[PDB]
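For reference, the structure discussed in these notes is given below.
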Amino acid sequence: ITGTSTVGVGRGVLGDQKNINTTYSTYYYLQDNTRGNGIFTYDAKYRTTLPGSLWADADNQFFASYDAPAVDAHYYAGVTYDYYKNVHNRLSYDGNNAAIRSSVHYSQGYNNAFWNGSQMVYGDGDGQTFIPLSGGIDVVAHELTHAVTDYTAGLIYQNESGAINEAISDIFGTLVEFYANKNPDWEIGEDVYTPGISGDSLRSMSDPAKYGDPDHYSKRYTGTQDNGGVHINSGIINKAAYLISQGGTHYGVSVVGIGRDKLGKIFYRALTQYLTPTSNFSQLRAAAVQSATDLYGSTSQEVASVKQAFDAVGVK
Ligand SMILES: CCC[C@H](NC(=O)[C@H](CC(C)C)NP(=O)(O)CNC(=O)OCc1ccccc1)C(=O)O
Ligand SMILES: [Ca+2]
Ligand SMILES: [Ca+2]
Ligand SMILES: [Ca+2]
Ligand SMILES: [Ca+2]
Ligand SMILES: [Zn+2]
């Protein structure tokens, strides 16, 4: 909408107060003009028609319970935009400052979030398995990263390419969580998953097996559920990424960690310069090795560590 840029204040899903960029024209809208061609957050009003209505508020204060998922969707989209711009010199998901759109309050008791090809969508959860999913910065960045992937590598959402697609979203979701530096970890969705159970998560990158996912290629799922296991086999790549950054010895194979920033540079380069829609795990290894070679040199520790990590998870 046409209007003047303003700054509202509210509380997110976890009860934390934050400022949000809004736009004033009769109402205050969740429209952030400070980033690219805008970040726009919508109310789906418990229905499934998208995007719904651009979020409008009478007083620029967002402290109602109903407001919380919108506050976090809007704010964490901003953080994710900043990560891609400041860290990777990428302007929005398309590299050309495309407007970023999110809808919250999607459906009823909806235990998921997704990128629908054009925008991000967040359920409120059923209050048992999830609370509103935009409350997780790793979740928001996971979803926006699907858009990045679709505009770049274009990894097809099934089988091995699909598991890479998923791992890329978990990896950058986590790197954005570290970027914001609030309770960061290598777990996925812990801030919004199972409010009745402390200390768990939807997935773990550091130990995928904790939540039932493979941490070695020999344990890959080859059935048809979950698009050929895209959220399951992602554990193999998530484990490799974790090892590249933090190091460790996994099934007897030792990996020297090189840190999160270098992990991010290597995987961002792989995603944007080497991966294709049909890339498999073996091809990801090659892409990551080449990316590390480009950035740090063939004889670098960084290249050696990438190889160690993929060796450790059984990907040659
Ligand atoms: C409990 C849900 C677990 C998993 N979802 C996830 O891991 C994350 C949300 C997490 C980070 C909180 N959602 P996601 O991976 O974006 C869901 N993906 C998805 O719906 O893809 C199908 C699709 C939807 C729309 C267009 C094209 C394809 C899943 O969908 O199995
Ligand atoms: Ca208000
Ligand atoms: Ca965390
Ligand atoms: Ca996390
Ligand atoms: Ca929990
Ligand atoms: Zn995903």
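Following Swiss-Prot, chain A residues are numbered 233-548, in order.
So this one's X-ray crystallography, 1.7 Å, going by the header.
Cβ coordinates are placed from backbone N, Cα and C, and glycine is handled just like the others.
The Zn(2+) site recorded in Swiss-Prot includes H374, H378, and the single candidate from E392, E398 that the record places there is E398. Secondary structure at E398 (Zn(2+) binding site), as computed by DSSP, is helix. Annotation note: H378 (Zn(2+) binding site) sits in a helical segment as assigned by DSSP. Contacts of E398 (Zn(2+) binding site) defined by a Cβ separation under 8 A and a same-chain sequence distance of 6+ are given as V462, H463, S466, in order along the sequence. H374, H463 are the recorded positions among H374, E422, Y425, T426, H463 whose C-beta comes within less than 6 Å of an atom of ligand 1, given in sequence order.
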